[PDB]
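Heads up, the chain below is alone and in the form deposited in one PDB entry; it's given as structure tokens.
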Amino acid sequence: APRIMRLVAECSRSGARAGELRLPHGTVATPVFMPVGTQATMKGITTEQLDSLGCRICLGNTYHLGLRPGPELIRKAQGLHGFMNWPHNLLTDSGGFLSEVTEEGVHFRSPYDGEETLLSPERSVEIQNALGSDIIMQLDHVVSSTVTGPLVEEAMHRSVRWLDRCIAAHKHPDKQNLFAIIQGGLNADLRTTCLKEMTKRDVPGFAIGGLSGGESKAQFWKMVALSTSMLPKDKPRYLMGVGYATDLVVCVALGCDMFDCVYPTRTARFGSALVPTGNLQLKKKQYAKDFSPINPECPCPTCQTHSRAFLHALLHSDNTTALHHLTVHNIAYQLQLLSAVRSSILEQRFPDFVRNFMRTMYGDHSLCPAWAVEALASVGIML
């Protein structure tokens, strides 16, 4: 089967990978952070702005589109690409993650009594076919990482059976790429079983699921490392729900290629702007007379044009443009960070880049998060 990913450079020290994805709406360099496009439009960012930031792939919430405007209208609107006028790539979820799960599928009850809606694996593939996204996600049985017991194993085996049902229902692999989702929770044995079982399927890509749900950071990166150690080297690895800057840098070192998170789009609404030292709380009065940009090294329209003081003024007004400015910059920070990570991999200086990123973020290495020091040390990156 044709590979959708080609590795361009690898870190001789760690598991960092630089590559590019061949997708129906253009090629995407990896590692790549993928913004949730459904929230960016809700944030007042047009297609032209998001394209100007260099974003060549963004997410779409299948469940959100299932409520409004529904798969019937998206299909009539020349897919989700034509509906929002996005010229580049799109990744949609299976839409299954108020909901009961049986072998038939995920069940949604109607509010204040009423008929149910059953999202089966076949229904999910059909819904994602109407959206026309370039990457589609398997319907999986998701249990939270905080839960323990028999449901974890019950959800993992069901996720494998649903993967086979999605593969059978997916009749156009030439137009859409189906990804499997590694479950198995925080249990190393169950996850190894899911890794051994799911990697036998001919899917173009794999995703690491069931993580970033309140579990301890030690259990987090070790489940990431177990996943990347058993996932195909010549296929992309997608870590779902990870967007914090340190988490991205660490998980790239562990071998992840794709990431998504609503984090950059949300903190922009809270007045926070992402910077190499963390974040600026621009709503606070300490920036009322700060006549410098958020980041002079940031290429986004906000930093090339406006000061922190002016953005502080808008945050203390009814201007909705204050959210537009920060959403633009916060997305640009994510794309700039991941492209800087990629350049370090191509230039064989990823560990030195990680040491500099950690030093700028936390200061002395003894102030770095303990989980990140161990995770980076497991792949030969010392601070």
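From 1 onward, residues are counted along the sequence shown. So that the term is clear: the rigid core is the largest set of C-alpha atoms that superpose within 1.5 Å between two forms.
Residue-level annotation: residue 264 lacks coordinates in a third or more of the other entries compared, counting only those that model residues on either side of it. When the other compared entries with both flanking residues are checked, residue 304 is modelled in all of them, not unmodelled in a third. A chain break between residue 97 and residue 98 is present, corresponding to 4 to 9 residues of the deposited sequence without coordinates.
Judged by mean Cα B factor in the deposited record, 66 to 74 ranks above the other of 345 to 353 and 66 to 74.
As listed in the deposited structure, the average C-alpha B-factor of 144 to 152 and of 131 to 139 is greater for 144 to 152.
Of the candidates 252, 101, 239, 311, the deposited coordinates give 101 the top C-alpha B factor. Highest C-alpha temperature factor among 258, 248, 294, 169 per the entry: 169. In the PDB entry, a CA B factor belonging to the highest third of its chain's modelled residues is recorded for residue 40. In this PDB entry, residue 376 carries a Cα temperature factor that places it within the lowest third of its chain's modelled residues. Placement of the Cα temperature factor of residue 204 within the chain: middle third of the modelled residues, per the deposited record.
Per the PDB record, residue ranking by Cα B-factor puts residue 89 in the middle third of the chain. Among the modelled residues of its chain, residue 10 has a C-alpha B-factor that falls in the highest third according to the deposited record.
Just so it is clear, the following notes concern the form deposited in another entry, a form of the same protein that is not shown.
With the rigid core aligned between the shown form and the other one, the listed residues 109, 171, 161, 175 include just one Cα displaced by at least 2 Å, namely that of 109. Annotation: Cα of residue 215 displaced by at least 2 Å between the shown form and the other one, core superposition. Three angstroms is the minimum change: in the other form, the CA atoms of residue 110 and residue 128 sit closer than in this structure, by 3 Å or more. Compared with the form shown here, the Cα atoms of residue 128 and residue 113 sit 3 Å or more closer together in the other form.
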